[PDB]
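**Student:** Submitted below is the structure of interest, expressed as structure tokens.
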Amino acid sequence: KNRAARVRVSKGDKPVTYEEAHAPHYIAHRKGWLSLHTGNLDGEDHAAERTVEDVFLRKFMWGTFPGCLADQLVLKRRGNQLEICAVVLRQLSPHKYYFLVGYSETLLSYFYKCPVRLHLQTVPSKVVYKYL
Amino acid sequence: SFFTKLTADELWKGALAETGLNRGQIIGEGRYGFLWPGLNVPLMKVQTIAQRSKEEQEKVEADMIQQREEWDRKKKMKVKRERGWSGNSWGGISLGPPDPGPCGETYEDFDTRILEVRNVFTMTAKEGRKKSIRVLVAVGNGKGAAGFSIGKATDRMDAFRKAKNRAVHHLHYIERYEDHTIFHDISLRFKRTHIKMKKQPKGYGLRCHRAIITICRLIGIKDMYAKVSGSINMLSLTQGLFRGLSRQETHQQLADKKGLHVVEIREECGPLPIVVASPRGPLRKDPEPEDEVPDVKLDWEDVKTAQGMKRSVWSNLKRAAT
Amino acid sequence: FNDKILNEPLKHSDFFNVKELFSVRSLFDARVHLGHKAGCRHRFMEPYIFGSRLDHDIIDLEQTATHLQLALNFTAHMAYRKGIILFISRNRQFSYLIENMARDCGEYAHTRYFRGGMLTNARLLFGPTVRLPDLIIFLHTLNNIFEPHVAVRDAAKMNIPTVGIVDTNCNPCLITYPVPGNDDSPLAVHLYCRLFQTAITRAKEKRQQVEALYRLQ
RNA sequence: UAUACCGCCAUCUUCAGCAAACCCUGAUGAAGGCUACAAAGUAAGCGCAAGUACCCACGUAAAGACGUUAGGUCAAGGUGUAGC
Ligand SMILES: [Mg+2]
Ligand SMILES: [Mg+2]
Ligand SMILES: [Mg+2]
Ligand SMILES: [Mg+2]
Ligand SMILES: [Mg+2]
Ligand SMILES: [Mg+2]
Ligand SMILES: [Zn+2]
């Protein structure tokens with residue numbers, strides 16, 4: 001029984017989010033594109049490095065924000081940067097949020113020489129979409 | 001390496017294996033001994049840049065480990081669980097009262113009391129032996145308001161609350177005379193469970209099944225002798241007891257039907273007779289047909305108790321308290 | 001704040017002129033005393049049935065008239081307190097007439113297929129705060145199949161003063177105010193429907209008159 | 001150590017049911033609940049269904065649900081006990 005991204009039903013009480021409540025084949029029907037880069041063209045280079053950077057930054061932002069993420073991230077690319085659209089969960093105080101954001105921005109700028117400025121979207125309750 | 005890094009919930013699920021979080025690691029205070037204007041100092045009011053020695057950071061880590069150990073110890077805190085009838089079992093155990101209704105009906109006055117628990121294993125087409133559970137709960141505070149119910153399911157708390165709701169929707173009433181003893185004796189034969197009850201006064205003691213003891217405590221009866229004859233089937237015994245309690249001849253109704261008063265010569269008091277019930281209109285002036293040597297099919301146990309002929313290694317021995 | 005509603009109507013027998021709504025001769029004209037055969041007759045229906053005419057049961061119209069008076073007085077007193085009445089029927093012989101009568105009356109009805117327990121589980125099936133039927137009047141206790149209707153069971157489980165014209169098959173002991181008599185002829189059904197309609201209308205008129213009398217203060 | 005898992009995939013799957021919350025029945029037993037000229041069944045939730053892409057909505061693509069096979073993998077990462 002294949003079980004890629006589709007979640008197996010068990011009881012109608014699974015508080016699943018919006019993005020998490022979508023099969024892995026609806027990328028061209030219902031589900032959109034999270035990360036984007038020219039590496040997945042026919043055909044342009046710069047693909048392996050972009051995918052590695054995306055997979056690394058995802059875990060980085062998820063670790064720096066322990067539990068303060070309502071759902072998965074939505075990476076982007078505009079210039080020599082990598083915008084990250086996230087649905088932050090109202091957990092810590094705004095002062096701590098600003099401090100951590102500034103610290104992470106400065107650290108990334110001085111580490112990768114690329115100002116990876118992110119974006120937040122504070123939401124208290126998780127965006128439950130279905131009860132699988 | 002970095003490629004060997006992933007989430008933590010997945011690793012936890014894998015380590016647990018049941019098929020077939022950063023509390024101690026603070027996020028605000030830097031894990032390296034350092035001071036900053038942000039936190040650990042007056043919240044922006046001496047805002048400077050300092051650094052703590054590595055020994056101080058090691059001490060902070062040891063304090064966090066001690067806090068983790070204290071939390072683990074708190075997790076080991078024991079609790080009190082009243083033993084129902086049998087040790088470590090849900091025999092005569094009690095729980096919270098039933099929940100109210102939608103519009104109201106404050107049923108919190110009644111008290112719940114789980115009786116028996118049974119794990120039924122029934123095979124299926126593919127799921128196999130279904131671990132189904134059947135429970136029989138009896139709810140009721142007293143004053144006649146009570147009633148049994150049933151609630152079978154593959155769960156515990158769900159089945160308990162289902163049985164509680166069923167009992168709330170199935171409230172039985174029993175006509176009583178002075179909350180202490182039943183009207184008269186009953187000699188029923190429910191299917192295969194015999195019930196031989198005997199009218200006894202107050203302060204006599206509860207000489208009946210523990211389930212029957214709990215049923216009486218919930219109903220209101222204080223003490224009453226009962227010979228649990230025949231097989232010991234919880235469900236059938238309770239059903240027969242309920243049927244007998246529902247089929248009883250009261251005093252007022254009997255007097256209104258027959259007419260004659262209730263004559264009695266209590267031994268505790270004097271010969272002064274005190275009527276217990278009187279008719280609601282007429283009065284049969286003629287007396288009952290005092291036909292001696294009647295045909296009252298008494299039980300052999302009655303004769304054995306009256307003549308003291310009963311003897312065994314467990315006749316009438318001292319029982320527990322409460 | 002009007003406690004007189006609990007004393008004025010319940011004082012004099014036949015407050016709304018119940019016995020005058022019908023007549024012994026008018027009831028006999030419908031041949032309601034007729035019944036089914038002794039074999040089809042029910043055991044508990046023996047006391048209410050008088051004799052038989054060549055295996056054709058006959059019901060004493062006196063007991064039927066008394067039960068009808070009692071049921072009509074009960075329904076009138078209920079309407080005086082504003083209550084819902086539910087008509088039941090499944091023989092499909094006079095469903096249109098019963099529907100027209102329910103339309104004429106100021107109450108509801110349901111003479112169609114009764115799903116599995118619509119009144120018991122009314123909390124989930126119907127709305128949560130639904131004014132359950134406070135009275136039931138059976139127009140055809142026997143449905144298409146020789147089986148007692150479940151309405152009596154739901155009533156006994158919900159404690160509702162049941163009314164109806166029991167036949168020689170059902171169990172009148174389960175019904176509160178049974179009414180022995182025929183339940184197949186057309187004239188009898190028409191007379192019963194007209195009597196129920198007149199009773200309801202007169203009860204509503206008397207309720208309005210008593211309300212006006214109270215308002216006179 | 002995969003006959004301890006997360007994760008991944010394979011047949012049944014040439015399928016149509018699978019269920020929370022309720023009600024009824026079996027003198028209230030494990031259990032069953034189907035008869036539209038209608039006898040107790042109501043069913044949010046998942047799936048078939050449905051919906052969506054190139055050349056349309058067709059043909060080609062995605063899914064084939066609960067579960068048997070302790071199905072195979074330390075052999076992509078960590079992983080209950082042992083050890084160099
Ligand atoms: Mg013990
Ligand atoms: Mg394996
Ligand atoms: Mg296939
Ligand atoms: Mg497909
Ligand atoms: Mg699909
Ligand atoms: Mg293997
Ligand atoms: Zn009949």
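Chain lettering (A, B, ...) mirrors the order of the structure tokens, residue numbering begins at 1 for each chain separately, and ligand numbering begins at 1 in order of display.
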Near region 118-125 of chain C, within 8 Å and counting only C-alpha atoms (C1' of nucleotides), which residues show up once chain neighbours fewer than 4 positions away are dropped, as a ChimeraX atom specification?

**Tutor:** /C:114,129-130,132,154,157-158 /D:22-23,42

**Student:** Please give me, as a PyMOL selection string, the residues lying within 10 Å of ligand 5 when counting only C-alpha atoms (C1' of nucleotides) and all ligand atoms.

**Tutor:** (chain A and resi 6+22-26) or (chain D and resi 62-64)

**Student:** 10 Å from ligand 3 is the threshold here; counting only C-alpha atoms (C1' of nucleotides) and all ligand atoms, which polymer residues fall inside it? Answer as a list in words.

**Tutor:**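 The residues within 10 Å of ligand 3, counting only C-alpha atoms (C1' of nucleotides) and all ligand atoms, are residues 11, 12, 13, 14, 15 and 64 of chain D.
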
**Student:** Name the residues in contact with residue 124 (chain A) at a cut-off of 10 Å, using only C-alpha atoms (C1' of nucleotides), excluding same-chain residues fewer than 3 positions from it; report them as a PyMOL selection string.

**Tutor:** chain A and resi 68+70+87-91+121+127

**Student:** Residues of chain B near chain A: apply a cut-off of 12 Å, count only C-alpha atoms, and supply the list as a ChimeraX atom specification.

**Tutor:** /B:2-9,21-23,25-30,36-39,43-44

**Student:** Which residues are close to residue 162 (chain C), i.e. within 8 Å by only C-alpha atoms (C1' of nucleotides), leaving aside same-chain residues fewer than 5 positions away? Reply as a list in words.

**Tutor:**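 Contacts, in chain order: residues 135, 136, 137, 152, 155, 175, 176, 177 and 178 of chain C.
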
**Student:** Counting only C-alpha atoms (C1' of nucleotides) and all ligand atoms, what residues are within 6 Å of ligand 7, given as a count of residues only?

**Tutor:** 4

**Student:** Compile the residues of chain B that lie within 12 Å of chain D, evaluated using only C-alpha atoms (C1' of nucleotides), and express the compilation as a ChimeraX atom specification.

**Tutor:** /B:1-20,118-128,130,132-134,136,148-153,158,162,165-166,190-191,233,235-236,238-240,243

**Student:** Taking only C-alpha atoms into account, which residues of chain B are within 12 Å of chain C, as a list in words?

**Tutor:**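 Putting it all together, I get residues 101, 102, 103, 104, 169, 170 and 171 of chain B.
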
**Student:** For residue 36 (chain A), please output as a VMD selection string all residues within 10 Å (counting only C-alpha atoms (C1' of nucleotides); exclusion window: fewer than 6 positions along the same chain).

**Tutor:** chain A and resid 50 to 51 54 74 to 77 82

**Student:** Kindly work out which residues sit at most 10 Å from ligand 1, using only C-alpha atoms (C1' of nucleotides) and all ligand atoms, and give the list as a list in words.

**Tutor:** residues 83, 85, 86, 87, 88 and 89 of chain B

**Student:** Selected residues, N, CA and C atoms, written as a PDB file, in the first residue's frame, please.

**Tutor:**
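New file part_24.pdb:
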```pdb
ATOM      1  N   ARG B  83     -10.289   0.392  45.468  1.00  0.00           N
ATOM      2  CA  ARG B  83     -10.455  -0.957  44.941  1.00  0.00           C
ATOM      3  C   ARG B  83     -11.918  -1.372  45.051  1.00  0.00           C
ATOM      4  N   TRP B  85     -14.582  -4.119  45.224  1.00  0.00           N
ATOM      5  CA  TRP B  85     -14.761  -5.536  45.518  1.00  0.00           C
ATOM      6  C   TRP B  85     -13.430  -6.274  45.448  1.00  0.00           C
ATOM      7  N   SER B  86     -12.974  -6.582  44.237  1.00  0.00           N
ATOM      8  CA  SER B  86     -11.713  -7.277  44.041  1.00  0.00           C
ATOM      9  C   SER B  86     -10.577  -6.277  43.868  1.00  0.00           C
ATOM     10  N   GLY B  87      -9.399  -6.656  44.359  1.00  0.00           N
ATOM     11  CA  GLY B  87      -8.234  -5.799  44.279  1.00  0.00           C
ATOM     12  C   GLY B  87      -7.827  -5.480  42.856  1.00  0.00           C
ATOM     13  N   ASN B  88      -7.605  -4.197  42.571  1.00  0.00           N
ATOM     14  CA  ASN B  88      -7.202  -3.750  41.238  1.00  0.00           C
ATOM     15  C   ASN B  88      -8.236  -4.161  40.191  1.00  0.00           C
ATOM     16  N   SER B  89      -9.491  -3.805  40.450  1.00  0.00           N
ATOM     17  CA  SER B  89     -10.583  -4.133  39.545  1.00  0.00           C
ATOM     18  C   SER B  89     -11.671  -3.081  39.680  1.00  0.00           C
TER      19      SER B  89
END
```

**Student:** Quick one: residues within 12 Å of ligand 6, with only C-alpha atoms (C1' of nucleotides) and all ligand atoms, as a list in words?

**Tutor:**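 Listing the residues within 12 Å of ligand 6 gives residues 1, 2, 3, 70, 71, 72, 73, 74 and 75 of chain D.
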
**Student:** May I have the selected residues written with N, CA and C atoms (P, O5', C5', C4', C3', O3' and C1' of nucleotides), as a PDB file, in the first residue's frame?

**Tutor:**
```pdb
ATOM      1  P     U D   1      20.855  -9.319  10.673  1.00  0.00           P
ATOM      2  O5'   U D   1      19.471  -8.694  11.159  1.00  0.00           O
ATOM      3  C5'   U D   1      19.442  -7.522  11.960  1.00  0.00           C
ATOM      4  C4'   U D   1      19.077  -7.841  13.388  1.00  0.00           C
ATOM      5  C3'   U D   1      17.621  -7.626  13.772  1.00  0.00           C
ATOM      6  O3'   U D   1      16.790  -8.715  13.403  1.00  0.00           O
ATOM      7  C1'   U D   1      19.041  -6.694  15.431  1.00  0.00           C
ATOM      8  P     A D   2      15.954  -8.687  12.029  1.00  0.00           P
ATOM      9  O5'   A D   2      14.790  -7.632  12.298  1.00  0.00           O
ATOM     10  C5'   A D   2      14.901  -6.281  11.861  1.00  0.00           C
ATOM     11  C4'   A D   2      13.642  -5.816  11.171  1.00  0.00           C
ATOM     12  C3'   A D   2      13.244  -6.624   9.936  1.00  0.00           C
ATOM     13  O3'   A D   2      11.821  -6.683   9.832  1.00  0.00           O
ATOM     14  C1'   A D   2      13.611  -4.375   9.318  1.00  0.00           C
ATOM     15  P     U D   3      11.112  -7.954   9.150  1.00  0.00           P
ATOM     16  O5'   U D   3      10.501  -8.760  10.380  1.00  0.00           O
ATOM     17  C5'   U D   3       9.704  -8.103  11.361  1.00  0.00           C
ATOM     18  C4'   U D   3       9.710  -8.846  12.674  1.00  0.00           C
ATOM     19  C3'   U D   3      11.093  -9.242  13.189  1.00  0.00           C
ATOM     20  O3'   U D   3      11.121  -9.166  14.615  1.00  0.00           O
ATOM     21  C1'   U D   3       9.782 -11.183  12.889  1.00  0.00           C
ATOM     22  P     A D  70       3.359 -13.733   7.859  1.00  0.00           P
ATOM     23  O5'   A D  70       2.726 -12.449   8.557  1.00  0.00           O
ATOM     24  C5'   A D  70       2.925 -12.196   9.944  1.00  0.00           C
ATOM     25  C4'   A D  70       3.493 -10.818  10.176  1.00  0.00           C
ATOM     26  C3'   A D  70       4.932 -10.624   9.702  1.00  0.00           C
ATOM     27  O3'   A D  70       5.107  -9.300   9.205  1.00  0.00           O
ATOM     28  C1'   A D  70       4.805 -10.194  12.018  1.00  0.00           C
ATOM     29  P     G D  71       6.295  -8.982   8.172  1.00  0.00           P
ATOM     30  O5'   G D  71       5.674  -9.334   6.748  1.00  0.00           O
ATOM     31  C5'   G D  71       5.818 -10.625   6.174  1.00  0.00           C
ATOM     32  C4'   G D  71       5.997 -10.531   4.680  1.00  0.00           C
ATOM     33  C3'   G D  71       7.175  -9.685   4.218  1.00  0.00           C
ATOM     34  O3'   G D  71       8.393 -10.410   4.194  1.00  0.00           O
ATOM     35  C1'   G D  71       5.231  -8.992   3.082  1.00  0.00           C
ATOM     36  P     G D  72       9.459 -10.257   5.387  1.00  0.00           P
ATOM     37  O5'   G D  72      10.673  -9.473   4.716  1.00  0.00           O
ATOM     38  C5'   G D  72      11.337  -9.995   3.575  1.00  0.00           C
ATOM     39  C4'   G D  72      11.870  -8.890   2.700  1.00  0.00           C
ATOM     40  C3'   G D  72      12.623  -7.782   3.421  1.00  0.00           C
ATOM     41  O3'   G D  72      13.974  -8.127   3.679  1.00  0.00           O
ATOM     42  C1'   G D  72      11.069  -6.836   1.901  1.00  0.00           C
ATOM     43  P     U D  73      14.669  -7.740   5.076  1.00  0.00           P
ATOM     44  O5'   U D  73      15.246  -6.279   4.821  1.00  0.00           O
ATOM     45  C5'   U D  73      16.108  -6.015   3.724  1.00  0.00           C
ATOM     46  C4'   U D  73      16.269  -4.533   3.501  1.00  0.00           C
ATOM     47  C3'   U D  73      16.581  -3.710   4.743  1.00  0.00           C
ATOM     48  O3'   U D  73      17.957  -3.723   5.084  1.00  0.00           O
ATOM     49  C1'   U D  73      14.813  -2.692   3.550  1.00  0.00           C
ATOM     50  P     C D  74      18.602  -5.016   5.793  1.00  0.00           P
ATOM     51  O5'   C D  74      19.330  -4.432   7.084  1.00  0.00           O
ATOM     52  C5'   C D  74      20.567  -3.733   6.982  1.00  0.00           C
ATOM     53  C4'   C D  74      20.384  -2.253   7.206  1.00  0.00           C
ATOM     54  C3'   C D  74      21.477  -1.575   8.028  1.00  0.00           C
ATOM     55  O3'   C D  74      21.670  -0.238   7.563  1.00  0.00           O
ATOM     56  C1'   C D  74      19.399  -1.349   9.136  1.00  0.00           C
ATOM     57  P     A D  75      23.127   0.269   7.107  1.00  0.00           P
ATOM     58  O5'   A D  75      22.918   0.745   5.601  1.00  0.00           O
ATOM     59  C5'   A D  75      23.000  -0.180   4.522  1.00  0.00           C
ATOM     60  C4'   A D  75      21.908   0.049   3.508  1.00  0.00           C
ATOM     61  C3'   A D  75      20.494  -0.211   4.031  1.00  0.00           C
ATOM     62  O3'   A D  75      19.506   0.624   3.407  1.00  0.00           O
ATOM     63  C1'   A D  75      20.962  -1.714   2.280  1.00  0.00           C
TER      64        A D  75
END
```

**Student:** Figure out the distance between CA of residue 23 (chain C) and CA of residue 207 (chain C), please, to one decimal in Å.

**Tutor:**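 Answer for the CA of residue 207 (chain C) to CA of residue 23 (chain C) separation: 23.9 Å.
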
**Student:** Pick out the chain A residues within 10 Å of chain D. Count only C-alpha atoms (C1' of nucleotides). Give them as a CSV table (one decimal) with N, CA, C and O atoms, in the first residue's frame.

**Tutor:**
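And here is the file that came out, iface.csv:
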```
chain,number,residue,atom,x,y,z
A,1,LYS,N,0.8,-1.2,0.0
A,1,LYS,CA,0.0,0.0,0.0
A,1,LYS,C,0.9,1.3,0.0
A,1,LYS,O,1.4,1.6,1.0
A,2,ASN,N,1.0,1.9,-1.2
A,2,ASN,CA,1.7,3.1,-1.3
A,2,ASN,C,1.1,4.2,-0.3
A,2,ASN,O,-0.1,4.3,-0.2
A,3,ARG,N,2.0,5.0,0.3
A,3,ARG,CA,1.5,6.0,1.3
A,3,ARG,C,2.5,7.2,1.2
A,3,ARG,O,3.1,7.5,2.2
A,4,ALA,N,2.7,7.8,0.1
A,4,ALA,CA,3.6,8.9,-0.1
A,4,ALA,C,3.1,10.1,0.8
A,4,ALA,O,3.4,10.1,2.0
A,6,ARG,N,-0.2,11.4,0.7
A,6,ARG,CA,-1.6,11.1,1.2
A,6,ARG,C,-1.6,10.4,2.5
A,6,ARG,O,-0.9,9.5,2.7
A,8,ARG,N,-3.4,8.2,5.5
A,8,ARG,CA,-4.3,7.1,5.6
A,8,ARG,C,-5.4,7.4,6.6
A,8,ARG,O,-5.1,7.9,7.7
A,9,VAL,N,-6.6,7.3,6.2
A,9,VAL,CA,-7.7,7.6,7.1
A,9,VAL,C,-7.8,6.5,8.2
A,9,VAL,O,-7.5,5.4,8.0
A,10,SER,N,-8.3,7.0,9.4
A,10,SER,CA,-8.4,6.1,10.5
A,10,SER,C,-9.7,6.5,11.3
A,10,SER,O,-10.4,5.6,11.8
A,11,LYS,N,-9.9,7.8,11.5
A,11,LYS,CA,-11.1,8.2,12.2
A,11,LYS,C,-11.3,9.7,11.9
A,11,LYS,O,-10.4,10.5,11.7
A,12,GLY,N,-12.6,10.1,11.7
A,12,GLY,CA,-12.9,11.4,11.4
A,12,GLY,C,-12.7,12.4,12.5
A,12,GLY,O,-13.6,13.1,12.9
A,13,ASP,N,-11.4,12.5,12.9
A,13,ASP,CA,-11.1,13.5,14.0
A,13,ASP,C,-9.6,13.8,13.9
A,13,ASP,O,-8.9,14.0,15.0
A,14,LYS,N,-9.1,14.0,12.7
A,14,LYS,CA,-7.7,14.3,12.5
A,14,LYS,C,-7.6,15.8,12.1
A,14,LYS,O,-7.8,16.2,11.0
A,23,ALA,N,-3.2,15.7,-1.5
A,23,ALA,CA,-2.5,14.6,-2.1
A,23,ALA,C,-1.3,15.1,-2.8
A,23,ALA,O,-1.2,16.3,-3.2
A,24,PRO,N,-0.2,14.3,-3.0
A,24,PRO,CA,1.0,14.7,-3.7
A,24,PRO,C,0.9,14.8,-5.2
A,24,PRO,O,1.9,15.1,-5.9
A,25,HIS,N,-0.3,14.6,-5.8
A,25,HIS,CA,-0.5,14.7,-7.2
A,25,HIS,C,-1.3,15.9,-7.7
A,25,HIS,O,-1.5,16.1,-8.9
A,26,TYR,N,-1.9,16.6,-6.7
A,26,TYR,CA,-2.6,17.8,-7.0
A,26,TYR,C,-1.8,19.1,-7.2
A,26,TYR,O,-2.3,20.2,-7.0
A,28,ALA,N,-0.8,20.2,-9.9
A,28,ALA,CA,-1.3,20.9,-11.1
A,28,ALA,C,-2.8,21.1,-11.1
A,28,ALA,O,-3.4,21.6,-12.0
A,29,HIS,N,-3.5,20.6,-10.0
A,29,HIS,CA,-4.9,20.7,-9.9
A,29,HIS,C,-5.3,21.6,-8.7
A,29,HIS,O,-5.9,22.6,-8.9
A,30,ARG,N,-5.1,21.1,-7.5
A,30,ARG,CA,-5.4,21.9,-6.3
A,30,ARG,C,-4.2,22.4,-5.6
A,30,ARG,O,-4.2,23.6,-5.2
A,130,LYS,N,-9.6,19.9,7.3
A,130,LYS,CA,-10.4,18.6,7.2
A,130,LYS,C,-10.2,17.8,8.5
A,130,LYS,O,-9.3,18.0,9.2
A,131,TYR,N,-11.1,16.9,8.7
A,131,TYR,CA,-11.1,16.0,9.8
A,131,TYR,C,-10.9,14.6,9.3
A,131,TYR,O,-11.9,13.8,9.3
A,132,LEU,N,-9.7,14.2,8.8
A,132,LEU,CA,-9.5,12.9,8.2
A,132,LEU,C,-9.7,11.8,9.2
A,132,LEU,O,-8.8,11.3,9.8
```

**Student:** Pull out every residue of chain D that has at least one atom within 12 Å of chain C, counting only C-alpha atoms (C1' of nucleotides), and report them as number ranges by chain.

**Tutor:** D: 21-25, 33, 36-44

**Student:** Apply DSSP to the structure's backbone, then extract all residues of region 40-285 of chain B labelled strand (DSSP E) and return them as a count of residues only.

**Tutor:** 45

**Student:** Taking the backbone alone, and naming residues the way the document does, which bits of chain A are alpha helix (DSSP H) by DSSP, as a ChimeraX atom specification?

**Tutor:** /A:48-64,94-112
